[PDB]
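Inside the fold
Single-letter residue listing:
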Amino acid sequence: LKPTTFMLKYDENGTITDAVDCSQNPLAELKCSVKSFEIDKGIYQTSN
Amino acid sequence: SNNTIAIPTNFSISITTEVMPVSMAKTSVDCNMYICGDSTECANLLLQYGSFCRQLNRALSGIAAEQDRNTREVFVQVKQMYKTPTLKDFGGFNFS
Amino acid sequence: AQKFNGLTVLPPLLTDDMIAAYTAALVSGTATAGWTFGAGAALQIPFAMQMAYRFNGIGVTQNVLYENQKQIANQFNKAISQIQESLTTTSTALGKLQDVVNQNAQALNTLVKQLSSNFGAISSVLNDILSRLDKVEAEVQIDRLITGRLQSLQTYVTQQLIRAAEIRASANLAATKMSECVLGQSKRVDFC
Amino acid sequence: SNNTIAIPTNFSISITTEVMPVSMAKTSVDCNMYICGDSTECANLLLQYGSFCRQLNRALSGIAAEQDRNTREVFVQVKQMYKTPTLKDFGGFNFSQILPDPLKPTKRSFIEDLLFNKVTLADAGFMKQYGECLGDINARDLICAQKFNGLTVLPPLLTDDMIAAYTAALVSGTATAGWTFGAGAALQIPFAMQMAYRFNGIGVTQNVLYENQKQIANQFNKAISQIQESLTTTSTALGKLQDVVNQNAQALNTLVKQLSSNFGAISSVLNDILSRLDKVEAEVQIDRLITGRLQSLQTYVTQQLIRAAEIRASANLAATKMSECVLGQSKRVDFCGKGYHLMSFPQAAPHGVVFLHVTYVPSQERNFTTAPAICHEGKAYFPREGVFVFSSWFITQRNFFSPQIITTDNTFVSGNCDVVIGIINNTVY
Amino acid sequence: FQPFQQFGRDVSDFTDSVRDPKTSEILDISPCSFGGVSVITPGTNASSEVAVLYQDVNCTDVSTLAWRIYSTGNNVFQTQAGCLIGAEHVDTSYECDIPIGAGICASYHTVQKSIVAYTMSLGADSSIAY
Ligand SMILES: *[C@@H]1O[C@H](CO)[C@@H](O[C@@H]2O[C@H](CO)[C@@H](O)[C@H](O)[C@H]2NC(C)=O)[C@H](O)[C@H]1NC(C)=O
Ligand SMILES: *[C@@H]1O[C@H](CO)[C@@H](O[C@@H]2O[C@H](CO)[C@@H](O)[C@H](O)[C@H]2NC(C)=O)[C@H](O)[C@H]1NC(C)=O
Ligand SMILES: *[C@@H]1O[C@H](CO)[C@@H](O[C@@H]2O[C@H](CO)[C@@H](O)[C@H](O)[C@H]2NC(C)=O)[C@H](O)[C@H]1NC(C)=O
Ligand SMILES: *[C@@H]1O[C@H](CO)[C@@H](O[C@@H]2O[C@H](CO)[C@@H](O)[C@H](O)[C@H]2NC(C)=O)[C@H](O)[C@H]1NC(C)=O
Ligand SMILES: *[C@@H]1O[C@H](CO)[C@@H](O[C@@H]2O[C@H](CO)[C@@H](O)[C@H](O)[C@H]2NC(C)=O)[C@H](O)[C@H]1NC(C)=O
Ligand SMILES: *[C@@H]1O[C@H](CO)[C@@H](O[C@@H]2O[C@H](CO)[C@@H](O)[C@H](O)[C@H]2NC(C)=O)[C@H](O)[C@H]1NC(C)=O
Ligand SMILES: *[C@@H]1O[C@H](CO)[C@@H](O[C@@H]2O[C@H](CO)[C@@H](O)[C@H](O)[C@H]2NC(C)=O)[C@H](O)[C@H]1NC(C)=O
Ligand SMILES: *[C@@H]1O[C@H](CO)[C@@H](O)[C@H](O)[C@H]1NC(C)=O
Ligand SMILES: *[C@@H]1O[C@H](CO)[C@@H](O)[C@H](O)[C@H]1NC(C)=O
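Going by the header, the method for this PDB entry is cryo-EM, and the resolution given is 1.92 Å.

Following this line, the structure appears as structure tokens:
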């Protein structure tokens, strides 16, 4: 285990069905920075 | 008066300038960098304020897009890239 | 300093070369076709006849233009030369653009400087706080600092929004002027 | 070149669209609800901040009034509610698609129906009952959350039916009287004569309009059909109105979400604080929470004010366009669409208006040889916004090739044949 | 709820559900205050009587005259803007004096004077012969 920031998804029931690991790669970083699992086509600023 | 008029008999050609701003600098901010630097303790404490930073960056990105929109609206008003003529005389009017 | 504190400036989409190309295209198009382009397909015409039409547009017969063509051309050239000399001489003719630049730079630099405020904490240095205090009290001090710095960023963003609105108004006016003065002959008093 | 000109020999009728925001959502905030919920301790502690909340609500109510002002200024530009004509022919110009149909239940036109279908709104009733919210909890309704946290959206003064009635009145008035109405009392006139006048207004004789009436009407109908088909096809033509809606909704939802911040307190839950702590320390924690939540509300109000200023600028431009393109024929280049403006028609849309601009576009240019002036019996003759053209020499207008024989009627005599540069020798009848 | 969970929370971190410690039944918790209210006044200088508009209340079937209103009265009726209490309905159309919303306007008219509500007029009627 390592200290990290995750984004967890709770579904209609109370069960966690998906997650995003914010440190996996730049796309995951962008997903965590906009707090959404889906991204539209375009160019986005990420962290320095 | 009531019975006389004044009529010009000559004229002059006048050219004047008008300066107009169009666009300003586009900027972006890294909240974590600005507020916490490289401190992991501060970074962890900052997590409960993500909404405010997302709001700030949304505003800034909107401004950034608007700047390019302004420049395009002002300058892109022709469909054909007309070539510069080789002879710049035009009947005595020096365009060079 | 700005970059080390996390503030970035992005490049514009269009470069100066492309903008200059657009302006050159506009000038060439008006000189070769006049006003027909912009209302449809460009229709070329000699410059003397174009100037005669423009004279007709202000209630002056075009025989005047044709009979004083040399004097009119000389006066036009002299006006161009006077503009060139005035621009060459140092002055403050571009103060508006200069102060746009200055305002942006000053805003960013003020943002950098405001990092030195305590906001009521024992110090403005996170390293000092964390070197002296254990987690429990360090948390209180760091919370104060976070609140203050977030407020600083919010103020910057609000002022940026207001400045952007002003700039957008100016840009809309400039686009209207392009359309109505460059692509056609205007009758609005003192507009062009 | 220096001795040749290009003259159009044909033309086409073009219709293009312009989408403009007019108004945004009117909102109001219950400070006590948002900040303290149902907590009497928090409500008592909040009393010393009443000035700030009064200030916030003053700003919001000003915005709310300005929205109705915008809508009125844009759409209420007629004193008489002109009735929709029963016969929608107008000399071959088919207006049905832009005027309401008595048969259909809807009070709008077909294109207006398409426009209203192209924009999706979270809710349209402005009415959400306590029983409805309490009974559909499983849905987790965003509107229910907003309302339970003290944020309200108010209904506009004018209804969609009334706005559509105003647009129908404007279209009927222009179709039956043209431009005379709006400068005084409406004066009816046949549509063909109206179109002839509009043609005359762009430097083209009206004989052209009368001699090509069938072609012009067919082109107008085809342009209307193309607009209708394009609107039927899914696209992003109403993106401005859509993102106005989206911005308002996002602002409110962010306001709801920001309640979860601690702002440095031991917890963000007032009930937890009051269950664990006695009054003295509970007061400190609650003060921190009050400060934070008040700041959030102030930020919302500031951004709302800036958005409202932008919307007001758009509404002022829209009202000017209504006056200058719908109630008259404009000469400002590119103001009422691209080309030589002929006439415009408005259509209502969610939170805005859509202008259909009809303009004249020259096409199919042909070459001719031109001369600045012609010498006859030692006297110089000049044109008067016409051009000399060599097929013999004739005189013609610059926007449509209609060569005419030169005569003293269409020529201006001035001086001799010496000063004029490029003068050619000819005769004048 | 799973066996190890006792409370539930929403996106605002408000506690919105709980398991009863005696029967293990799950209960939703909802706030008590809800709904928008507006006050219509002809001016305190003129009178102290007001009309009250309840947005989010439906009063079409006035048979109980559990409604969420502060007080009933005379001329309680429903309008496109909500439940209106304290104003008399008139079928005539005038220029908008006090805009209530959704095409409804209120005024202060001689019956003695009282608050009245009506549908605003859009303009004078005309007939133009094409
Ligand atoms: C939440 O849990 C419920 C209960 O298990 C799920 O509903 C059942 O789903 C299964 C699998 O699709 C169906 O065969 C059953 O008929 C469903 N029961 C009912 C009463 O509808 C539900 O699918 C779960 N939700 C999600 C998003 O997975
Ligand atoms: C209008 O004024 C101009 C400029 O003064 C006159 O043009 C001058 O004409 C004289 C001969 O008449 C030349 O010697 C000069 O060189 C011309 N220009 C200048 C700047 O001196 C012109 O004659 C006047 N009248 C008209 C009808 O054009
Ligand atoms: C148009 O004006 C330009 C600039 O005044 C003229 O170019 C100058 O011509 C002189 C005389 O030959 C040279 O000494 C300069 O070096 C030129 N300057 C530049 C920047 O090129 C040009 O001749 C004029 N055109 C006409 C047709 O008169
Ligand atoms: C201008 O262009 C129009 C449109 O192209 C021409 O109209 C054509 O008319 C002929 C009969 O004369 C039809 O058979 C064609 O179908 C029409 N073309 C279409 C509909 O595209 C018109 O003849 C041209 N000339 C003038 C003077 O208007
Ligand atoms: C004006 O255009 C409309 C729409 O194209 C025409 O109405 C259509 O008429 C056809 C032929 O009768 C019918 O098949 C369609 O169902 C009609 N559509 C609608 C929406 O009503 C109308 O006939 C045209 N008017 C004239 C005078 O030609
Ligand atoms: C706590 O004790 C109460 C009271 O005895 C229990 O509730 C009753 O349980 C019985 C047996 O199932 C039911 O028949 C009754 O209807 C329940 N209610 C009452 C009011 O008597 C309850 O089950 C106990 N809880 C636990 C977790 O053991
Ligand atoms: C208020 O409730 C009443 C009673 O249910 C509703 O009146 C009925 O509404 C339905 C649905 O539109 C109609 O089909 C009935 O004809 C209505 N009945 C009467 C007697 O009017 C009413 O619509 C509700 N009001 C609102 C604004 O939802
Ligand atoms: C007119 O003549 C020019 C001569 O260069 C030619 O390029 C142009 O295509 C001609 N126009 C038409 C419409 O044929
Ligand atoms: C103020 O008071 C009188 C008496 O009630 C009221 O009728 C009147 O309209 C008011 N005065 C005005 C409006 O000038």
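From this point, the discussion proceeds with the structure in view.
This brings us to the overall build of chain A. Helix and strand counts for chain A come out as one helix and two strands. Along chain A, helices and strands appear, N-terminal first, in the series β-β-α. Taken over the C-alpha atoms alone, chain A extends approximately 35 × 30 × 10 Å along its principal axes. Within chain A, contacts between residues at least 6 apart in sequence are counted, and of these 14% link residues at least 24 apart.

Across its full length, chain D holds 13 helices and 13 strands. Expected size for 429 residues packed as a compact globule is a radius of gyration near 22 Å; at 32 Å, chain D overshoots this value by more than 25%.

What follows covers the pattern of salt bridges. Counted by the stated rule, this structure contains 16 salt bridges over all chains. Its salt-bridge partner being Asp 128 of chain C, residue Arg 132 of chain C comes within 2.9 Å of it at the nearest N-O pair. Of the two residues, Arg 132 of chain C and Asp 128 of chain C both sit in helix α6 (residues 126-132), four residues apart, roughly one turn of that helix. Judged by relative accessible area, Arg 132 of chain C falls into the exposed class, the value being 52%. The closest approach of N and O atoms between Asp 56 of chain E and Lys 147 of chain D, which form a salt bridge, is 2.7 Å.

This part covers the sheet that holds strand β2 (residues 15-19) of chain E. Residues and elements named next belong to chain E. The antiparallel open sheet is built from three strands, whose spatial order is β1-β2-β3. Each of the sheet's edge strands pairs with one partner strand only, and the pair in question is β1 (7-9) and β3 (26-28). Neighbour-to-neighbour, the strand axes of the sheet open up by a mean angle of 20°, direction not taken into account. Sheet analysis places β1 next to β2, joined by three bridges and oriented antiparallel. The residue of β2 that forms the bridge with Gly 8 is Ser 17.

On to the state of the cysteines, then. A complete count under the given rule lists eleven disulfides over all chains for this structure. Linked covalently through their sulfurs, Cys 22 of chain A and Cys 32 of chain A form a disulfide whose S-S length is 2.0 Å. Every disulfide takes its handedness from the sign of the S-S torsion; for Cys 22 of chain A and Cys 32 of chain A that torsion is -80°, giving left-handed. Of this pair, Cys 22 of chain A sits in the loop between β2 (16-21) and α1 (26-34) while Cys 32 of chain A sits in helix α1, and the two are ten residues apart along the sequence. As far as the burial class goes, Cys 22 of chain A and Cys 32 of chain A line up, both buried. The partner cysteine of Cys 36 of chain B in its disulfide is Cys 42 of chain B, sulfur to sulfur 2.0 Å. Here the S-S torsion is close to -65°, and the disulfide linking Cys 36 of chain B with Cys 42 of chain B is therefore left-handed. Each bonded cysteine of chain D is numbered by sequence order, and under that numbering the disulfide pairs are 1-4, 2-3, 5-6, 7-8, 9-10. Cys 32 of chain E takes part in no disulfide bond, and the closest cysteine sulfur, belonging to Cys 133 of chain D, lies 14 Å away.

Here the focus is the interface of chain B and chain C. At the interface, 58 residues of chain B touch 77 residues of chain C. Of all elements in the fold, only β1 (26-29), α1 (31-36), α2 (40-45) and α3 (50-75) of chain B reach the threshold of two or more residues within the side of chain B that touches chain C. If you tally residues by element for the side of chain B that touches chain C, the top one is α3 of chain B, at 14 residues. Per-class residue counts for the side of chain B that touches chain C are 35 nonpolar, 15 polar and eight charged.

Let us now look at the interface of chain E and chain D. Taken residue by residue, the interface counts 33 residues in chain E and 38 residues in chain D. Looking at the side of chain E that touches chain D element by element, the count peaks at three residues for strand β12 (residues 124-126) of chain E. For the side of chain E that touches chain D, a count of residues per class yields 15 nonpolar, eleven polar and seven charged. Of the strand pairs in this sheet, strand β3 (residues 80-82) of chain D and β12 of chain E are connected by three bridges, and their pairing is parallel. Residue pairing in the sheet places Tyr 82 of chain D in a bridge with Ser 126 of chain E of β12 of chain E.

The next subject is the packing of aromatic side chains. Taken as a whole and assessed by the stated rule, the structure comprises 34 aromatic pairs over all chains. On the numbers, 5.1 Å between centres and 75° between planes, the contact of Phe 90 of chain B with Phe 95 of chain B is edge-to-face. Relative accessible area serves as the criterion here: at 29%, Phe 95 of chain B is assigned to the partly exposed category. When the ring of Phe 90 of chain D is compared with that of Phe 95 of chain D, the centres are 5.0 Å apart and the planes differ by 65°; the resulting orientation is edge-to-face. A relative accessible area of 0% means that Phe 95 of chain D is categorised as buried. Through pairs of rings, three or more aromatic residues link up here, namely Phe 90, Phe 93, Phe 95, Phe 191, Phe 220 and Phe 345 of chain D. Directly above the aromatic system of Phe 191 of chain C lies the positively charged group of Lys 177 of chain C, at a separation of 4.2 Å from the ring centroid. Over the aromatic face of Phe 335 of chain D sits the side chain of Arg 332 of chain D, whose NZ or CZ is 3.8 Å from the ring centroid.

The rules we used
Residues numbered from 1 in each chain as written, not as in the entry; some residues may be left out. Chains lettered and ligands numbered in written order. Part of a larger assembly, values for the part shown. Heavy atoms only, no water. Residues with missing side-chain atoms left out of burial classes, pairs and counts. Helix = DSSP H or I, 4+ residues; strand = E, 2+ residues; numbered from the N terminus. Contact = heavy atoms within 4.5 Å. Rg over C-alpha atoms; globule rule 2.2 N^0.38 Å. Salt bridge = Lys/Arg side-chain N within 4 Å of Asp/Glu carboxyl O. Buried < 20%, exposed > 50% of the residue type's maximum accessible area, 1.4 Å probe, protein only. Pairing = 2+ DSSP bridges. Axes fitted to C-alpha atoms, helices over the stretch in contact; angles between N-to-C directions. Disulfide = S-S within 2.5 Å. Nonpolar A, V, L, I, M, F, W, Y, C, P; charged D, E, K, R; others polar. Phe/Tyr/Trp six-rings, centres within 6.5 Å; stacked < 30°, edge-to-face > 60°. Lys NZ or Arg CZ within 6 Å of the ring centre and 35° of its normal.

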